[PDB]
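Enquirer: what shape does this take:
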Amino acid sequence: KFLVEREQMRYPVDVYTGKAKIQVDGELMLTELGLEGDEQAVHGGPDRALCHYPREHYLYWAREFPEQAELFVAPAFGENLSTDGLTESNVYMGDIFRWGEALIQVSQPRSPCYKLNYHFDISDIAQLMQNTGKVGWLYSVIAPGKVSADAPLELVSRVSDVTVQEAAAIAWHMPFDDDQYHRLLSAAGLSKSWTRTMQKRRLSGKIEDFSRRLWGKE
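Expert: Residues are numbered from 1 along each chain as shown. Okay, here it is:
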């Protein structure tokens, strides 16, 4: 039921951009493709304009790899948005947030990639993120506008009943289930690339391979 829409959920947010990303302190324009100054000019660009990573996960990583605990600080995972209070289990697919003059929508769970394995110098960090579901999520930009580190993320519409955690699990943890794929394809706001993957699974009757993405040349 959608009574969360009326609780005025507000989440203070730290903003990072780059071409390691650097913290932005003032206001900046959020365009269709991303934050002005953030790695700008593989289709589906509009669906991955912004990357979010919960600071809660750094606690977990620092405790899993104490020897390199200094590395586990925002924005080590490449995120643009850093917060507390928002995780894969309470963020739903299609969630629409008002952010200053902008409108953003959750489009998919973030997909761990092997580049991460060389960035943290942890050979299997991409596998680890995917296995724990600690991946964060991306946003599509519904309405471009000025945003800032000062304006909080405000949840305004909840329009699906599939959380990021569920989408992540449906994609990478459970065995082939057509019904589950039909369910994920029904979630509002789904990125075109996730629609494609899930639709390809229904027609092929198989789960595509994850080896190259997670391990690159290995």
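Enquirer: next, count neighbours for residue 11.
Expert: Using other CB atoms under 10 Å, residue 11 has 15 other residues around it. C-beta coordinates here come from the backbone N, C-alpha and C atoms, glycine included.
Enquirer: now do the contacts for the nearest residue to it once chain neighbours are set aside.
Expert: Excluding the flanking residues, the one nearest residue 11 by CB to CB, 6 or more residues apart in numbering is residue 153, at 4.4 Å. By CB atoms under 8 Å, 6 or more residues apart in numbering, the residues touching residue 153 are 10, 11, 13, 81, 83, 86, 97, 98, 99, 104.
Enquirer: the first one and residue 99 touch, don't they?
Expert: No - with contact taken as CB atoms under 8 Å, residue 10 and residue 99 are classed as non-touching, separated by 10.6 Å.
Enquirer: on that earlier part again, restricted to strands, list the contacts of residue 153.
Expert: The strands, defined by DSSP state E, take in 10, 11, 81, 83, 97, 98, 99, 104 from the contacts of residue 153.
Enquirer: for residue 120, state which of those residues is nearest.
Expert: Residue 120 lies nearest to residue 81 out of the ones in strands among the contacts of residue 153, by CB to CB, at 19.8 Å.
Enquirer: and the gap between the nearest residue to the closest one once chain neighbours are set aside and residue 209?
Expert: Leaving aside its sequence neighbours, residue 81 sits nearest to residue 52 (CB to CB, 6+ apart; 4.4 Å). Distance from residue 52 to residue 209, counting by CB to CB, to the nearest Å: 27 Å.
Enquirer: have a look at the two and say which one is more surrounded.
Expert: Shown here are residue 52 and residue 209; by other CB under 10 Å, residue 52 has more neighbours (24 against 8).
Enquirer: now do the helices in this protein.
Expert: For the chain, applying DSSP state H gives helices covering 56-64, 115-119, 125-132, 164-172, 178-186, 192-204, 211-215.
Enquirer: can you check which of the ones you listed gets nearest to residue 17?
Expert: Closest among these, using CB to CB: helix 115-119, at 17.1 Å.
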